[PDB]
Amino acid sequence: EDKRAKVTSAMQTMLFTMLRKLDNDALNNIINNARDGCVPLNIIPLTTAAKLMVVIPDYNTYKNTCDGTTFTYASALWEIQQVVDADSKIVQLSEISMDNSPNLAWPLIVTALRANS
């Protein structure tokens, strides 16, 4: 399983070059978010009020994407329904503050519903 992996490496490199060439704002967001550790747990849906789960790795990333109950991702707005920490405990939106950020068990998992696009 050596040549196969070189072929696989080559296919993925060509894949992302096409993605880079596409220069789409929504595609760039999910690719760039994943590089920062903000990755989806399920397929990003397209129906209004459809469930999305994403890993959010740190507070700097959280502040860049979430404002109040609104999550911005893939050029769409998502209303956050649940936040859990690495212990699967519910984090109330009030505790996710700049002042309280070191007391949380990062990374967090956000469960949001699709709403504006």
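Residue positions are given as counts along the sequence shown, with the first one as 1.
When the two stretches 9-17 and 95-103 are set side by side, the higher mean Cα temperature factor goes to 95-103. Taking the mean C-alpha B-factor of each stretch as recorded, 86-94 and 33-41 are not equal, and the higher mean is that of 86-94. Based on the entry's C-alpha B-factors, the most elevated value among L46, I80, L27, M53 belongs to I80. Remark: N64 belongs to the middle third of its chain, ranked by C-alpha B-factor as recorded. Compared with the other modelled residues of the chain, the Cα B-factor recorded for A115 ranks in the highest third.
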